[PDB]
């Protein structure tokens, strides 16, 4: 599977960052960490890019949709890029982990924990003026041997880190109650 992310950062910026890192991390992917990671807060977070707040980087399931999201949150940019990302366990199905509490179910978001490393980026499309300019530029640092046959993280692993606020209804309901961190149970 491939996931897609419309992002305003140029391939050169991504290379320098070591990947597509969350908004709260200042160092290269392998060097630093988001200052705060919370899936629930992230899915609700609204500036100058597509959702990448609270330790996660948003991706969607199709080029068409990443493009729509691009025109929506990145409209106003003369140019942006749509990164093609290989499936791996750092990607969490937001609709599947948050259930009925998923804020933007239409987005089919697959949240990338801590961002996406450069070796996971298969390639990218350049979007000039709202139009996809040409074909996909293959990322030379993509490491196929590392990602061949991996898939997104199973929902069970996400329930434990859903991050709903303390005393939120979800913490008293199955499945979340069965995986909730101690200090979150009522």
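Positions refer to the first chain, counted from 1.
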Open item on the list: Going by the mean C-alpha B-factor recorded in the entry, which is higher: 83 to 91 or 104 to 112?
Closed with: 104 to 112
TODO: Compare the mean C-alpha B-factor of 36 to 44 with that of 118 to 126 as given in the PDB entry, and name the stretch with the higher value.
DONE: 36 to 44
Task: Identity of residue with top Cα B-factor, from 143, 64, 51, 31 - done: 31
- [ ] Could you say which of 175, 24, 169, 11 has its CA atom at the highest B factor, as listed in the PDB entry?
- [x] 24
- [ ] Could you look up the Cα B-factor of residue 57 in the entry and say which third of the chain it sits in: lowest, middle or highest?
- [x] lowest
